[PDB]
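Single-structure report; data block below.
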Number of protein chains: 2
Amino acid sequence: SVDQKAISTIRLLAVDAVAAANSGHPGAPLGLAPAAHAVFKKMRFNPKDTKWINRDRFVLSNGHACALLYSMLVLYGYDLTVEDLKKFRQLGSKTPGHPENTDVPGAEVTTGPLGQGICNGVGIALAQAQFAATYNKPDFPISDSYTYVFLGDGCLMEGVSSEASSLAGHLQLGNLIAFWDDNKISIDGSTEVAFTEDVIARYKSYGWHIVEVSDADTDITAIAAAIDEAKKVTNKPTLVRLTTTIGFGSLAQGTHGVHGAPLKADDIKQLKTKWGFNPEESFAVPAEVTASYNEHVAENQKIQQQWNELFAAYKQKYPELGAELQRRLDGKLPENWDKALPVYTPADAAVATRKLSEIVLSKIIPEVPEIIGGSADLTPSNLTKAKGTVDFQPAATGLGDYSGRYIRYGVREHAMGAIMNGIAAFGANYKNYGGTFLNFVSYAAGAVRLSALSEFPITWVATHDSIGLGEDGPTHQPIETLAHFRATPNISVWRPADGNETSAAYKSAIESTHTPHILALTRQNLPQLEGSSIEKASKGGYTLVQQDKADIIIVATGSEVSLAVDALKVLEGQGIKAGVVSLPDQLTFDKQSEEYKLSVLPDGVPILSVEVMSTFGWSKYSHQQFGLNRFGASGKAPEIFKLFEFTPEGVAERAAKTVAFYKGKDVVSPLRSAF
Amino acid sequence: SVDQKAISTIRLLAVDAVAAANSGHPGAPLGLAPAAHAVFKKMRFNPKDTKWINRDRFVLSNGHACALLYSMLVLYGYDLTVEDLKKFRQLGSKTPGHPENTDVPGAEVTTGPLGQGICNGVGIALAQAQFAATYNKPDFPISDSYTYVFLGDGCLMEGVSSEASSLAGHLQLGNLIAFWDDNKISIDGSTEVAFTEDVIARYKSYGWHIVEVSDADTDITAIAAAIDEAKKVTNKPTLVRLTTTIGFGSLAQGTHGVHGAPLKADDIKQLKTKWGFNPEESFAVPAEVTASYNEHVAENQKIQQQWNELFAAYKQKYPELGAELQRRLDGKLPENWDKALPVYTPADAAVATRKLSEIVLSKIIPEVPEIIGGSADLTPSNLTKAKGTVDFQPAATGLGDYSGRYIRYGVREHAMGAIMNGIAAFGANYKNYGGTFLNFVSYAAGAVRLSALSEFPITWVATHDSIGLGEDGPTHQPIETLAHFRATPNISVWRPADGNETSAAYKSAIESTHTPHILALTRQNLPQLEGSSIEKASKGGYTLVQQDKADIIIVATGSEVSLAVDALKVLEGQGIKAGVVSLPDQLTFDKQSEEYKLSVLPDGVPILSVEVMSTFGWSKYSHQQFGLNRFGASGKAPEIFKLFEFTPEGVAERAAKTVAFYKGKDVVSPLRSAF
Ligand SMILES: C=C1[C@H](CCOP(=O)(O)OP(=O)(O)O)SCN1Cc1cnc(C)nc1N
Ligand SMILES: C=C1[C@H](CCOP(=O)(O)OP(=O)(O)O)SCN1Cc1cnc(C)nc1N
Ligand SMILES: O=C(CO)[C@@H](O)[C@H](O)[C@H](O)COP(=O)(O)O
Ligand SMILES: O=C(CO)[C@@H](O)[C@H](O)[C@H](O)COP(=O)(O)O
Ligand SMILES: [Ca+2]
Ligand SMILES: [Ca+2]
């Protein structure tokens, strides 16, 4: 049949791509081609409009199998060709060794790090449910799309997928349909050596529906029926067990050797001949297959055409909601939304930046409907919920509704991070956030790094940023954490010092379209600073206290800016004149003009950094660095600061030593470099 | 009864400790005091010998409940007193806000970061099984101890515990007995808002045995019976469901408010009066309770006394094994074990450091029985198994035996990290390791940081360290990873350049007693260097190529040392004389004398660093830094190096620019500082 020919075409494109590269993973593509064929036939998508908001989404969580995904996208006429497949895994190609949403048309997310994709799918489905609950009306199914995920044994072993699957079951996400490639093979061999759990029983314990397909090597009728069955179960996510043979058809099928290395040339020849292809030909695309696939594309395009008319009719009947939806699909925030940001003066009371964050969220959530977010079981400590909002829950629970805006993630930081990526990936201008303690953002590093690589505007509300948290002690107090994330490309790491800086941090986080944000916020109260503003803090770094005859400039962040200002007063008594720079985001600062940056960190004056955590990175901005490069302590926070000499007198002492160290030396800005 | 009085004493000590600090967590201690009393009565331990190798181990995975643990340790006469309890959460005390093994006598591991402790318990149990299989003989039960773990809903939500529980079930670890505090309350309120899974059904799916105690607020008889039942099930770990009331007895019992803040003074008064205590008294210790507990200590000490005689008799009957066991319990490696380390010359072939690592392990595993380790489903890529060894598996599977030395962790990096901490915590000189790709060590950051804080000599075999891995691309290629771990206190991060350096890295990792190691290893082949040796590389940094008239020194690590040597030749043609420093471990280097370090990084010469990842940290050792501060690419590795100008000519160009930048400037060593 043409279906059989399509499946063979997919299999052989994937194997030929791997062969051309002499690198990559043929096994799972061979095993999953029947399922991929069946799922893509059920999916609604437009290869010529990858951003249609009511498309079904597909996620390849087992991202190493990407030769499969690329083959589907090529066959369906996405902006990806056979010539791109011939450049699989080659420098600069549109067919990288794992899929990247920034590079591959039709890749919704970036996968390859196991476990992430299924969690991203949970997020896409969460967003779809929230979006549909917000906009759909009688006779106006604006959003009714599904989220299809392929995953393997590796994803099922990674703890992040357990977190997300538990939560997805709790959230009754009926439009999520995941497919487990049950092939009993991972890199170390049989799953019998390390993975003997009853996966199906575990998924039932989370509240998922199960469908089993015992011969997924051939039975596309049963795979299609499993999708139909899943669609009838509207209050549970579904796991479809696909029992497959890894490398199906290969001489080496059912072995770990077929997982991750090119097939032998003679193996590829026998594959081709057994399936009716020419063993002398590579990258064959039978025109029957193209035609069949084009039929499905044409049908899908007519569905999108009708959706566009539905949307026009919706704007007529529901003018307010229609305009809001249009704005969001155009990628634009509400006009002058930022007028809602709180502004402070130096006469206002001291406030912890976690509390300032709560206040910002309380003002901006009502103004910007595309903001949703949650906390990983730290809502009353992170202060991440705006009073009066309702939680995102299935209405059946009585605990919230899908139109809700606040997500109870539970103690699941890693899944929260990957779910945030999925919510961003959904689109419709979602600006989504997740709260935990800064030290436990580290639990989610796998996902955070992908936020940066994927260019997703997600936001971590990362409270309890330092030894300032006090008694919980060194297991809770960040040391390395800011250095880690600042060293990752494309992460804005805001550490606001006061009310105005906190508003600037949120302005940046919400306006972001391509850069994830981490907001490092305090437990302890900080004063409102003389000289701060949203405008100045929006530059990432700025001169807080200008001293035209400075003997030294002190550059600081967050809680240490007030400390630097107090140190300036101590220094004045010692006959030393200091300026103060506040550097609430190093990335934003780095992006300013060379002239702007030199106005903040000039030549001809020693510069001392002060921040109560690692000194790594700080030499970009300073000549000497006062930081904390050891673990913290359990005690009252002011006593910990005193112990480590983060006091006005301790900073002044180090400032004075810095001035003395550079006496009779020529000093140039830390911004200067040889190349 | 005296049991009832003991339980009340425990509860009130915990509440009084929290009250004195005006900080901490009274709820879980109140709820778990009956279970703690029952478990400690079943446990064998010596408060006067915390290192007795056949003790039962206890782990508080819900570490915030540590006022409970501290109360038990005080009551049993560990080196922790009521005066220490009065200093709960105070700077410098032996009663920190979360338990720390370095500070608290009787704390086996450091908990507080949720999910870790249960995984550490899996590791303690894994080690006990391996140890018993290695040493026990007929009539000589050298090791027969149990591992008892308390955990709460938070630990059960964290994905790391799912990973470890799946693996523990697979491994049939019958001496692991975990207790779930089923109190239906977390920080965000009822578990109904985020955690509605059937926990018991999930644990059955992993192959655990279950015992349910429906009234764990009072029924210590049933808790004791549950332990007895668990001990009869020798081929499954057991989860005991303890249905408790959080804050049992408090006016605020069964609420989230009792989780994490001090009780009201009037609440504490009514607690005391309802249980027969004086509401005017704090830190009461009824002498009946002390006496009862001392009886159990005396019995346990007699058990240890008999164990010591068993051990003496074992040494008589099994002289070889007895001497080996004695050596290990004394914390000493085999005499001259390091003579097994491979040594190379510059005439030897180029080899990838992953392969050099395999060769080291192949030579040292037969020489050092206390080495065990594994990989997170990357055995044939990390090259972490010595040929001829058998896997750690229950013999019932036919796949290995408990005497085995190689662990199939599956795709479970985070649990692998926390399990490694447990294996180290067991003691008996275990030197244990875990393989994955360097980029995915980041999945385990929660555990890695605890290795450092806990001072455990664990080792990550972290291959595929850079863009040198090639085609798998940017989702697999580290950028930030070394900076992250180098910025964490107390992590040795070795990045060996060649055969001799790889042997030095292992010498350090195996000899370690207080410092975790990460070995960053290559996929790609590297040449044997002229000038390398185990002796020189053991200093962490050393002069590879000495140039007495150097215009510049190039400091590099790993794969970039050979690059620097090739750049030196290019520079010679441009009339520039370079020296080369190899810096295989920055921590080890930092610990050398000031004079040694200055001999490597002298005054009066510009120093350029070269390493194909983040430049963070490098200003400690260099004036200018050539690194990679953007994500990588999918392509053939040499082409990626060329793209980013990590070539002999690209390094030479930057070296020449560095020399020019410092012309007519006075240059001092980067080792100098103002304070
Ligand atoms: C261990 C592996 C994988 C084997 C996974 O096996 P399945 O997932 O069972 O694949 P199949 O054999 O059916 O093709 S592929 C690469 N990976 C290394 C790796 C490790 N850790 C993380 C987080 N991300 C990774 N990609
Ligand atoms: C969210 C919480 C915990 C609530 C946990 O609830 P159970 O664990 O149910 O406690 P119980 O209410 O029964 O006393 S305590 C602190 N913690 C923050 C926290 C977050 N992430 C990580 C990794 N480590 C942490 N400690
Ligand atoms: O992490 C934990 C304990 O392991 C939480 O229980 C925190 O102790 C608490 O959330 C801090 O509370 P505040 O800092 O908001 O007072
Ligand atoms: O991480 C993955 C894919 O997501 C593995 O399949 C690696 O691709 C493989 O282990 C690398 O193999 P070698 O680098 O040892 O050739
Ligand atoms: Ca598999
Ligand atoms: Ca609980």
Side-chain angles (χ1 to χ4, degrees), chain A residues 22-23 261, chain B residues 338-367 371 373 375 378-389 433 435-438 459-472 476-478 482 493-510 517-538 542 544-545 556-566 580 582-585 610-612 636-638 640-641 646 648:
Chain A
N22 200 34
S23 178
Chain B
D338 61 301
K339 292 188 186 295
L341 292 166
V343 170
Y344 296 82
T345 77
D348 292 320
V351 188
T353 64
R354 67 170 172 169
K355 181 60 175 191
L356 293 162
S357 170
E358 188 190 68
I359 295 165
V360 174
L361 291 168
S362 77
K363 301 306 178 191
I364 69 174
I365 283 168
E367 295 301 322
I371 298 172
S375 176
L378 282 171
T379 301
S381 291
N382 301 152
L383 310 177
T384 35
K385 182 173 181 178
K387 186 168 153 58
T389 58
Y433 68 86
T436 185
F437 296 154
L438 178 58
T459 302
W460 288 83
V461 181
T463 74
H464 295 58
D465 72 319
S466 80
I467 53 159
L469 70 84
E471 289 88 338
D472 281 344
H476 282 54
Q477 293 160 346
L482 305 180
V493 178
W494 288 78
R495 192 171 184 252
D498 75 352
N500 293 329
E501 297 200 356
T502 300
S503 282
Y506 273 101
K507 191 171 185 291
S508 183
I510 299 306
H517 281 58
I518 300 173
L519 270 53
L521 302 166
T522 69
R523 189 181 189 249
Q524 76 277 19
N525 292 349
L526 300 175
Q528 304 320 312
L529 299 165
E530 183 68 39
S532 72
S533 60
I534 299 177
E535 171 53 37
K536 292 195 181 66
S538 77
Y542 67 102
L544 184 70
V545 181
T557 65
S559 50
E560 282 66 77
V561 178
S562 59
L563 179 60
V565 170
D566 287 336
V580 177
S582 183
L583 189 51
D585 180 31
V610 183
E611 177 177 85
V612 293
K636 295 179 203 299
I640 309 170
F641 276 77
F646 281 84

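No hydrogens, no waters, no symmetry mates; every other heavy atom, side chains included, goes into these values. Just so we're on the same page: letters track the sequence lines, and every chain starts at 1.
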Notebook entry, point to check: B:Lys355: what forms a salt bridge (charged side-chain N to carboxylate O under 4.0 Å, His left out) with it, not counting sequence neighbours?
Noted result: B:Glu358
Please output the side-chain donor-acceptor pairs of residues 344-351 of chain B that fall under 3.5 Å, not counting sequence neighbours, one pair per line with the distance.
{"residue": "B:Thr345", "atom": "OG1", "partner": "B:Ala347", "partner atom": "N", "Å": "3.2"}
{"residue": "B:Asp348", "atom": "OD2", "partner": "B:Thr345", "partner atom": "N", "Å": "2.9"}

Next item on the list: With sequence neighbours excluded, tell me which residues meet salt bridge (charged side-chain N to carboxylate O under 4.0 Å, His left out) with B:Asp465.
Entry: B:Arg495
Check: Does any non-hydrogen side-chain atom of B:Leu383 lie less than 4.5 Å from one of B:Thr463?
Finding: no
Next item on the list: Under the side-chain hydrogen bond (donor to acceptor under 3.5 Å, both in side chains) rule, collect the residues that match up with B:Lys536, sequence neighbours excluded.
Entry: none
Notebook entry, point to check: Between B:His476 and B:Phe437, what is the ring plane arrangement, given parallel below 30°, perpendicular above 60°, and tilted in between?
Noted result: tilted
Notebook entry, point to check: Do B:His464 and B:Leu378 touch side chain to side chain, with heavy atoms closer than 4.5 Å?
Noted result: no
Check: How many angstroms lie between atom CG of B:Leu563 and atom CG of B:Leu526, to the nearest 0.5 angstrom?
Finding: 10.5 Å
Next item on the list: Measure the spacing between CD1 of B:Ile371 and CD1 of B:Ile364 and express it to the nearest 0.5 Å.
Entry: 3.5 Å
Check: What pairs with B:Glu535 under side chain to side chain contact (heavy atoms under 4.5 Å, CB included), at least two apart in sequence or on another chain?
Finding: B:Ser533, B:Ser538
Next item on the list: Sequence neighbours left out, what passes ring pair (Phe, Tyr, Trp, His ring centres under 6.0 Å) with B:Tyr542? Give chain and number order.
Entry: none
Next item on the list: List the steps and the verdict of side-chain contact (heavy atoms from CB on, under 4.5 Å) for B:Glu611 and B:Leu583.
Entry: CA-CA 10 Å; B:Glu611 177 177 85; B:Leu583 189 51; over 6 Å; no
Next item on the list: Could you pull out the closest heavy-atom pair between B:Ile534 and B:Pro342, with the gap in Å?
Entry: CD1-O, 4.0 Å
Note to self: Using modelled atom types and a 3.5 Å cut-off, is there a donor and acceptor pairing between side-chain atoms of B:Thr502 and backbone atoms of B:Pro496?
What the structure shows: no
Margin query: Within this structure, what is the OG-CG distance for the pair B:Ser559 and B:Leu521, rounded to the nearest 0.5 Å?
Written below: 11.0 Å
Next item on the list: Might you point out which heavy atoms bring B:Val612 and B:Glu560 nearest each other, and give the distance in Å?
Entry: N-OE1, 3.1 Å
Margin query: For B:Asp472, give me all partners under salt bridge (charged side-chain N to carboxylate O under 4.0 Å, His left out), at least two apart in sequence or on another chain.
Written below: A:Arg89
Item checked: Nearest heavy-atom neighbours spanning B:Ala537 and B:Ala504 -> CB-CB, 3.6 Å
Margin query: Tell me the closest heavy-atom pair linking B:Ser466 and B:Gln477, and the distance in Å.
Written below: O-CG, 3.9 Å
Next item on the list: For residues B:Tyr506 and B:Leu361, determine if any side-chain heavy atom of one lies less than 4.5 Å from a side-chain heavy atom of the other.
Entry: yes
Notebook entry, point to check: Can you list the residues that meet the side-chain hydrogen bond (donor to acceptor under 3.5 Å, both in side chains) rule with B:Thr459, with sequence neighbours excluded?
Noted result: none
Next item on the list: For residues B:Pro366 and B:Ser362, report the shortest heavy-atom separation together with the two atoms involved.
Entry: CD-O, 3.2 Å
Next item on the list: Decide side-chain contact (heavy atoms from CB on, under 4.5 Å) for B:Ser503 and B:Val360; before the verdict, give the C-alpha distance in whole Å, the side-chain angles of both, and the deciding distance to 0.1 Å.
Entry: CA-CA 7 Å; B:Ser503 282; B:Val360 174; 3.8 Å; yes
Margin query: Run the salt bridge (charged side-chain N to carboxylate O under 4.0 Å, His left out) test against B:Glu471 and tell me which residues pass, sequence neighbours left out.
Written below: none
Notebook entry, point to check: Quick one: CG on B:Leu482 to OG1 on B:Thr557, what's the gap to the nearest 0.5 Å?
Noted result: 7.0 Å
Note to self: Return the CG to CD1 distance between B:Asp585 and B:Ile518, rounded to the nearest 0.5 Å.
What the structure shows: 10.0 Å
Checklist line | B:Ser532: partners by side-chain hydrogen bond (donor to acceptor under 3.5 Å, both in side chains), with sequence neighbours left out | finding: B:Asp498, B:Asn500
Note to self: I need the B:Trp460 CH2 to B:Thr436 OG1 distance, nearest 0.5 Å.
What the structure shows: 7.0 Å
Notebook entry, point to check: Quick one: does B:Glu501's side chain have a donor or acceptor within less than 3.5 Å of a partner on B:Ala497's backbone?
Noted result: yes
Check: Does B:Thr384 have any side chain to side chain contact (heavy atoms under 4.5 Å, CB included) partners at least two apart in sequence or in another chain, and if so, which?
Finding: B:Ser375, B:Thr379, B:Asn382, B:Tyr406, B:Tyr433, B:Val461
Check: Could you give all pairs that pass the salt bridge (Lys or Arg N to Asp or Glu O under 4.0 Å) test and reach residues 521-532 of chain B, with sequence neighbours left out?
Finding: none
Item checked: Closest non-hydrogen atom pair between B:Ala637 and B:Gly468, with its separation -> CB-O, 3.2 Å
